[PDB]
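Below is one structure; the comments refer to it alone.
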Amino acid sequence: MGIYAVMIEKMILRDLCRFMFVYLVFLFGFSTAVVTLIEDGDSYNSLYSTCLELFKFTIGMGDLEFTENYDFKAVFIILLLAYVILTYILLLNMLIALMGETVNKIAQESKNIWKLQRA
Amino acid sequence: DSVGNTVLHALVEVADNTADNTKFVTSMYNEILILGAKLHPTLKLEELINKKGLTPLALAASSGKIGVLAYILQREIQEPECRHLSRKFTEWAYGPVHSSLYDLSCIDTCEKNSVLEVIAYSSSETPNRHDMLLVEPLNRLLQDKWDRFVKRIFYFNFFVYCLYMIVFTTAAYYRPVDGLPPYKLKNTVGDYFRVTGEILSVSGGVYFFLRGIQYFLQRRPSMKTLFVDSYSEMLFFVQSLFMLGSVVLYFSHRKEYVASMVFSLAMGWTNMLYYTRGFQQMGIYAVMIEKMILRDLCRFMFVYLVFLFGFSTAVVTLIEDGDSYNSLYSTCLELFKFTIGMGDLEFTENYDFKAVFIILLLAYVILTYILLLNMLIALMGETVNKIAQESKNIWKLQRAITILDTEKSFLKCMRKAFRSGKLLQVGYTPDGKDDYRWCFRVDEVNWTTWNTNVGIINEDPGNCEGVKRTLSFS
Amino acid sequence: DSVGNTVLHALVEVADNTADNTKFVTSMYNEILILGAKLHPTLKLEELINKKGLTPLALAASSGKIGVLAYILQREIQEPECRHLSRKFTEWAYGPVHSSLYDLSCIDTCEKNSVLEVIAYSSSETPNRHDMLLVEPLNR
Ligand SMILES: CCCCCCCC/C=C/CCCCCCCC(=O)O[C@@H](COC(=O)CCCCCCCCCCCCCCC)COP(=O)([O-])OCC[N+](C)(C)C
Ligand SMILES: COc1cc(CNC(=O)CCCC/C=C\C(C)C)ccc1O
Ligand code: NA
């Protein structure tokens, strides 16, 4: 288990401050995109509430219809679908990169780190 | 010849980076220079020009002959009377240490066909663009001029581009929601700064356009496969199109300015991802994204769209009106909602024949899970063995383009860009004159070999105020 | 010297964990001790102190010189008259078996600059913090 804790210590210092800066951009981008579009007439017009929805696609709750207060549907969908896609692109490389970069050797290093971290 | 290629221009060309060639060509390339020195000691064979303009080194880097490009740069001719031709000279060598002076004459952005100008801006049809820039001098050459007088200018652009989009976003989120789009400035602190936000956005959006035009149908005139290889500069150009598209509609009294603006925004923040050409460990992660969206999306989506448009169409035919999820669109969308994590399985009871309606959806979910899986498996078994190396190598190139384009933003001055080497003398000509030549320094060490190699340039070791030359066969 | 490093304090420092160095330094590090034994058999060269306080072993572990740190701990000088310097002694050896006595004088938490106090608490700038603790005695 000590091996498994040390991993967590080595993404939260090495492999989060990269990734989140990327994911926040798409989010703050494609969220901002939607907010500009939607016009008040519920009342999911705030940037906050909108940024939160596009976080809910990630975890597994995606409305795709979270407001019909939009003008111009086809814009409103292409973004969300372009957000989901790029997000799936982007959550994937968080997996690929970690493998091809270090899976060859973490079980050795992480074990070695544990013996120090016990020491 | 009819093309103007000499002996040396051919030896470069005939190679194809294999071992036997590379072992071979470098040797014959050695001798003929030694002969051309001994026979006619004025002919600068490495400075003659074929009809296309390219010198041998230029041809080597252009066509992408890595093994030859190694030799031409980090040669070392110990033989006296023909030492002027060498490049990798060794100055002070205090025992295990030895400091070397990789020459720079035709590989810095001062000459016309500098290799580094060729290697980066050339087509992707040239094999081993990347591995050339991993040769010893060129690699360290860049990272230094990154660590001086580029990293500053680069981050400065990163600052400004952020300030662009924060303003652009700010114009948007406070856009007027009223009638038609000329919008007739009303007087208020907000609206004075609102229109300011508009102008700076447009006036900056057009900047990407013009600088984009400068890239496409001007310097680096690219073709269709080259447009997509040069991925970024499209996106910053495509951004300005929507933006310069938006402004048209804003004054054409048509409401659709918002649409064009929004697409422009979304790329624009997504475009800020581009300025991780600094910041190594993230630059590797951007380049991956550039290499599925060109190589591993146009495959996959064509597959996934089929199942979707198939199994969606299947459902639509079945369901009979009697809510009203009968349109193909609304149905195709539901089967997208299984993927992300919202699946009704019951999204209409307007079906006849339940058992059909379920077997499809379950057969869609399954095959989709089959299909999202192989998107993972294939990428591993195809390339996980080596992306961390390649992607890293791509980054060093993709930084190198940024460096060179930045140097050109400095017109010709080069005053802080002649790339240290300060005309260090490294010997004498083969007639008696001095041999001042630009030379990037490199410090090294070898514990097995002890560096008694002939060619020391400086008796007293080191680098300070006061240099003193050696009896290098004066 | 101006820093107080002796011959041995230098041999540690000059290495960089490569093969040729490590093959090299351990050998020269061997001889000079054999000589310093044969010439002046009281000088405890491995117990002298640079101005920063660190003994050679301390410097080795500090700067993170794994190959040197191996040798200094699990040495074995078969040569008589200079056996006192060895650490990896062998007690009872009933044929294939042999029981060894890795010395501990400067690697347990009793002295000031014990390696194990240095290796763990030192900066991450010291390369191979981890691989040092995989040497034979320190691990077990
Ligand atoms: C309004 C203004 C907007 C900002 C505009 C910025 C303007 C100017 C920008 C300024 C930034 C840097 C200033 C220089 C500081 C150091 C100098 C130096 O040594 O050079 C170093 C620069 O330093 C780095 O590389 C630091 C690592 C940055 C990681 C990316 C940003 C974090 C985003 C997190 C967001 C997530 C938030 C939380 C998520 C939940 C380079 O040396 P190195 O050896 O290459 O460093 C290796 C580190 N590396 C591997 C990471 C690359
Ligand atoms: C330029 O820097 C980079 C940018 C990107 C992201 N690519 C994109 O811009 C495409 C995705 C943006 C959304 C598209 C659809 C609109 C119409 C809503 C990847 C690598 C990079 O280096
Ligand atoms: Na899920």
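Bear in mind these aren't lab numbers, they're just calculated from the coordinates by the rules spelled out. Note: ideal-geometry Cβ built from the backbone for every residue, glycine included; neighbour counts use all protein chains shown.
Pairs only if they're at least six apart or on different chains, beta carbon under 9 angstrom, first in the stretch B:277-304 and within 8 Å of chain A (Cβ to nearest Cβ), second part of a helix (DSSP H, G or I) and aromatic (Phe, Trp, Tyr); list them, first residue then second.
Correct list of pairs: B:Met282/A:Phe19; B:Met282/A:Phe21; B:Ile284/B:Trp395; B:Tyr285/A:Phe19; B:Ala286/B:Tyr274; B:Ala286/B:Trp395; B:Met292/B:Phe300; B:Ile293/B:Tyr231.
Output the residue which, of all residues in the stretch B:249-261 that are in contact with a helix residue (DSSP H, G or I) (Cβ under 8 Å, 6 or more places away or on another chain) and not aromatic (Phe, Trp, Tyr), is surrounded by the most Cβ atoms within 10 Å (Cβ to Cβ).
If we take residues in the stretch B:249-261 being in contact with a helix residue (DSSP H, G or I) (Cβ under 8 Å, 6 or more places away or on another chain) and not aromatic (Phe, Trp, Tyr), then B:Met261 is surrounded by the most Cβ atoms within 10 Å (Cβ to Cβ).
Among (1) more than 8 Å from chain B (Cβ to nearest Cβ); (2) in a loop (DSSP other than H, G, I, E, B); (3) within 25 Å of B:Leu273 (Cβ to Cβ), where does A:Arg14 come up short?
(1)
Restricting attention to the stretch B:214-227, does a residue exist that is under 24 Å from B:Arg295 (Cβ atoms) and within 12 Å of ligand 2 (Cβ to nearest atom)?
For the stretch B:214-227, residues under 24 Å from B:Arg295 (Cβ atoms) and within 12 Å of ligand 2 (Cβ to nearest atom): absent.
State whether the residues of the stretch B:170-185 include one that is surrounded by 12 or more Cβ atoms within 10 Å (Cβ to Cβ), within 16 Å of ligand 1 (Cβ to nearest atom) and within 12 Å of chain A (Cβ to nearest Cβ).
Among the residues of the stretch B:170-185, at least one is surrounded by 12 or more Cβ atoms within 10 Å (Cβ to Cβ), within 16 Å of ligand 1 (Cβ to nearest atom) and within 12 Å of chain A (Cβ to nearest Cβ), which makes the answer yes.
Failed condition for B:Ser240, given (1) over 30 Å from B:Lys184 (Cα atoms); (2) away from ligand 1 (no atom under 16 Å from the Cβ); (3) assigned to a helix (DSSP H, G or I); (4) touching a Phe, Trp or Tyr at 6+ places or on another chain (Cβ under 8 Å), with all others met?
(1)
If a residue must be charged (D, E, K, R) and crowded, with 17+ Cβ neighbours inside 10 Å, how many such residues does the stretch C:104-119 contain?
Qualifying residue count, the stretch C:104-119: 1.
So which residues in the stretch A:41-61 are under 24 Å from B:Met272 (Cα atoms) and surrounded by fewer than 17 Cβ atoms within 10 Å (Cβ to Cβ), if there are any at all?
Selection gives A:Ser46, A:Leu47, A:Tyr48, A:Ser49, A:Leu52, A:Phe55, A:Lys56.
Which numbered condition in (1) away from ligand 1 (no atom under 16 Å from the Cβ); (2) within 30 Å of B:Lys112 (Cβ to Cβ) is the only one that B:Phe156 fails?
(1)
Would you mind telling me which numbered condition in (1) of a type outside the set (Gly, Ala, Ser); (2) more than 14 Å from ligand 1 (Cβ to nearest atom); (3) surrounded by 17 or more Cβ atoms within 10 Å (Cβ to Cβ); (4) under 30 Å from B:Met288 (Cβ atoms) A:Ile38 fails?
(4)
With out of contact with any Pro (no Cβ under 6 Å at 6 or more places or on another chain), buried (at least 22 other Cβ atoms within 10 Å of the Cβ) and away from every other protein chain (no Cβ under 12 Å) as the only criterion, which of B:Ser240, B:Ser264 stands out?
One residue alone meets the criteria, B:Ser240.
In the stretch B:121-131, what residues are in a helix (DSSP H, G or I) and touching a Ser or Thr at 6+ places or on another chain (Cβ under 9 Å)?
B:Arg129
Answer with yes or no whether A:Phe26 is of a type in the set (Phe, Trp, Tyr), farther than 21 Å from B:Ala388 by Cβ and at the interface with another protein chain (Cβ under 9 Å from one of its Cβ atoms).
The answer is yes for A:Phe26.
List the number of the failed condition for C:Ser122; all other conditions in (1) on the phi < 0 side of the Ramachandran plot; (2) within 14 Å of chain A (Cβ to nearest Cβ); (3) surrounded by 17 or more Cβ atoms within 10 Å (Cβ to Cβ) hold.
Among (1) on the phi < 0 side of the Ramachandran plot; (2) within 14 Å of chain A (Cβ to nearest Cβ); (3) surrounded by 17 or more Cβ atoms within 10 Å (Cβ to Cβ), the lone unmet condition for C:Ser122 is (3).
One residue is enough: does the stretch A:64-82 have a residue meeting the conditions within 16 Å of ligand 3 (Cβ to nearest atom) and either within 27 Å of A:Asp15 (Cα to Cα) or touching a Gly at 6+ places or on another chain (Cβ under 9 Å) (or both)?
Checked the stretch A:64-82: no residue is within 16 Å of ligand 3 (Cβ to nearest atom) and either within 27 Å of A:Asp15 (Cα to Cα) or touching a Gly at 6+ places or on another chain (Cβ under 9 Å) (or both).
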